[PDB]
Amino acid sequence: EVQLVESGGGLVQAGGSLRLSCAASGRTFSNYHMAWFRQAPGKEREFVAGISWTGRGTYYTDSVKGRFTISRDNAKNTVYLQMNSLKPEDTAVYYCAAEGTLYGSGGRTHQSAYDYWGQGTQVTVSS
Amino acid sequence: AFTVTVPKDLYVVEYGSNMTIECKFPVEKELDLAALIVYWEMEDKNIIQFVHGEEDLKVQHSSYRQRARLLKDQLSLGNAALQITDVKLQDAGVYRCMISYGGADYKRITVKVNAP
């Protein structure tokens, strides 16, 4: 019954921009920490960005700080990832994730902290 | 339909007081502690993560070290009661409770602390 659906992925020039969106259904996620993760073929899934349930704390993996911006719209149950200054390192499947029951054990940057995951959207930076 | 309820979503407390803020969930019998998780935060700070019947003090924020308790005997009544000792302006903010007990729910509570 919970579904996260990511959209907005595509092919982009290095230096360019894309906006990812995730539409959540099945329950209201206003009070949940939300995140984007990414995974390249054959590599570990990694944290990209996180936004607090406060609406006013944002968190980024060091390599995307200043390039990517995470935001949310609690009226629409949506999460966004504004990606600027795209780089070869950014090519991956991007997943939006909602807080899981072990968030308080695992921490914001760990996969184990999120119980709900979208199917992912592919971002390819021309490399 | 697992639902957490908060008797109060706003606390106004005096500087230097103890404060206990509450979040309630349905309990009729002995808790299954293998399944129960209680997680209190304020302002993205880990106050108490209670899992496998113990506070995980490794992940607790330094601002709450030896100042916060999850009252275990209240938990047996379906009351996740967070007690803060000796409240200060730093303890004013938005708190959130999470309970997971066959389903999970999350509630926000504003705490206002008055001047010393």
Side-chain angles (χ1 to χ4, degrees), chain A, chain B residues 39 41 43-46 59 94 96 98 104 106 108:
Chain A
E1 192 226 3
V2 162
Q3 221 183 6
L4 272 49
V5 183
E6 300 98 334
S7 63
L11 179 61
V12 56
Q13 184 83 351
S17 301
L18 272 188
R19 184 174 179 85
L20 310 186
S21 297
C22 171
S25 67
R27 71 174 71 158
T28 308
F29 283 108
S30 302
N31 287 355
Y32 294 57
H33 294 290
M34 307 292 283
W36 291 91
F37 284 74
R38 72 184 173 186
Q39 190 172 20
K43 293 171 174 139
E44 303 184 13
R45 188 172 299 198
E46 61 190 19
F47 179 79
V48 174
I51 186 164
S52 178
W53 55 268
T54 62
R56 40 163 173 84
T58 60
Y59 301 90
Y60 300 94
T61 198
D62 253 56
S63 67
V64 311
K65 204 145 308 171
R67 306 195 295 111
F68 291 9
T69 304
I70 188 170
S71 65
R72 70 192 300 161
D73 179 341
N74 287 328
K76 294 180 172 161
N77 221 27
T78 58
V79 189
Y80 306 99
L81 189 69
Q82 179 65 39
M83 305 169 91
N84 294 340
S85 295
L86 279 157
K87 290 176 179 189
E89 61 201 66
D90 297 326
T91 298
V93 181
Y94 284 70
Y95 299 93
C96 176
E99 187 175 353
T101 68
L102 290 177
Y103 180 103
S105 289
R108 185 183 306 275
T109 71
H110 288 93
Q111 275 179 106
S112 69
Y114 302 83
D115 282 349
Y116 307 95
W117 297 81
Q119 77 293 334
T121 187
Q122 171 73 47
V123 171
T124 300
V125 180
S126 180
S127 305
Chain B
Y39 175 43
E41 257 195 25
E43 297 298 338
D44 285 351
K45 302 178 160 202
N46 187 302
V59 297
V94 189
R96 190 200 64 174
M98 192 276 313
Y106 296 78
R108 302 159 59 92

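Chain A is the first sequence line, chain B the second, and so forth, proteins listed ahead of strands; every chain is numbered from 1. No hydrogens, no waters, no symmetry mates; every other heavy atom, side chains included, goes into these values.
Across all non-hydrogen atoms, the minimal contact from A:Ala98 to A:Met34 is CB-SD, 3.5 Å. Here the closest heavy-atom approach between residue A:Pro88 and residue A:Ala14 is recorded as CD-CB, 4.5 Å.
Atom OG of A:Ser126 sits about 11.5 Å away from atom CG of A:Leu86, to the nearest 0.5 Å. Here OH of A:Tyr80 is found 10.5 Å from CH2 of A:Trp36. Values are rounded to the nearest 0.5 Å. Here A:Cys96 contributes atom SG and A:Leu4 contributes atom CG; the two are 5.0 Å apart, rounded to the nearest 0.5 Å. Rounding to the nearest 0.5 angstrom, the gap separating the OG1 atom in A:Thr61 from the CZ atom in A:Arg67 is 10.0 Å.
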Check the pair A:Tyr95 / A:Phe37 against ring-ring contact (aromatic ring centres under 6.0 Å, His included), numbers first and verdict last. CA-CA 5 Å; A:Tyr95 299 93; A:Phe37 284 74; 8.6 Å; no
Assess the residue pair B:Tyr39 and A:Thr101 against the criterion (side-chain contact (heavy atoms from CB on, under 4.5 Å)); give the C-alpha distance rounded to whole Å, side-chain angles, the decisive distance to 0.1 Å, and a yes or no. CA-CA 8 Å; B:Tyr39 175 43; A:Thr101 68; over 6 Å; no
Would you please test A:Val12 and A:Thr124 for side-chain contact (heavy atoms from CB on, under 4.5 Å) and show each step? CA-CA 6 Å; A:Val12 56; A:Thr124 300; over 6 Å; no
Apply the test side-chain contact (heavy atoms from CB on, under 4.5 Å) to residues A:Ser17 and A:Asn84: give CA-CA distance (whole Å), side-chain angles for both, the deciding distance (0.1 Å), then the verdict. CA-CA 4 Å; A:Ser17 301; A:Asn84 294 340; 2.9 Å; yes
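Although no hydrogens or angles enter the test, the distance criterion places a donor-acceptor pair under 3.5 Å between the side chain of A:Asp90 and the main chain of A:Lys87. With hydrogens and angles disregarded, a donor-acceptor distance shorter than 3.5 Å links the side chain of A:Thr91 to the backbone of A:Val125. Between the side chain of A:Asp73 and the main chain of A:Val79, no donor-acceptor pair closer than 3.5 Å is present. Listed for the A:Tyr114 side chain is no donor-acceptor partner under 3.5 Å among the backbone atoms of A:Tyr103.
A 4.5 Å side-chain heavy-atom check between A:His110 and A:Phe47 finds every atom pair outside the cut-off. Two residues are said to be in side-chain contact when any heavy atoms from C-beta on lie closer than 4.5 Å; A:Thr69 and A:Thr58 fail this criterion. Under the 4.5 Å side-chain criterion, counting only non-hydrogen atoms from C-beta, A:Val48 is in contact with A:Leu81. With contacts defined as side-chain heavy-atom distances shorter than 4.5 Å, the pair A:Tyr59/A:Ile51 does not qualify. Between A:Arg72 and A:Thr78, every side-chain heavy-atom pair lies at or beyond the 4.5 Å cut-off.
Applying the side-chain hydrogen bond (donor to acceptor under 3.5 Å, both in side chains) rule to pairs touching residues 4-14 of chain A yields A:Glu6-A:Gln119, sequence neighbours excluded.
Side-chain contact annotation: A:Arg38 with A:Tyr94, donor-acceptor N/O pair under 3.5 Å present. For the residue pair B:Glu41 / A:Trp53, a side-chain donor-acceptor distance below 3.5 Å is found, with atom types taken as modelled.
Counting heavy atoms of neighbouring residues, nucleotides and ligands inside a 6.0 Å radius, atom NZ of A:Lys65 exceeds 12 of them.
Using a 4.0 Å cut-off between charged side-chain N and carboxylate O, A:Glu99 and B:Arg96 make a salt bridge. Taking the charged nitrogens against the carboxylate oxygens, A:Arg56 and B:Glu43 do have a contact shorter than 4.0 Å, which makes a salt bridge.
Under the side chain to side chain contact (heavy atoms under 4.5 Å, CB included) criterion, A:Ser52 pairs with A:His33, A:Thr54, B:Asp44, sequence neighbours left out.
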Show me, pair by pair, the donor-acceptor contacts under 3.5 angstrom made by side chains of residues 19-28 of chain A, not counting sequence neighbours?
from, atom 1, to, atom 2, distance (Å)
A:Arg19, NH1, A:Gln82, OE1, 3.4
A:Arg27, NH1, A:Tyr32, OH, 2.9
A:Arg27, NH1, A:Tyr116, OH, 2.9
A:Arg27, NH2, A:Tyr116, OH, 3.3

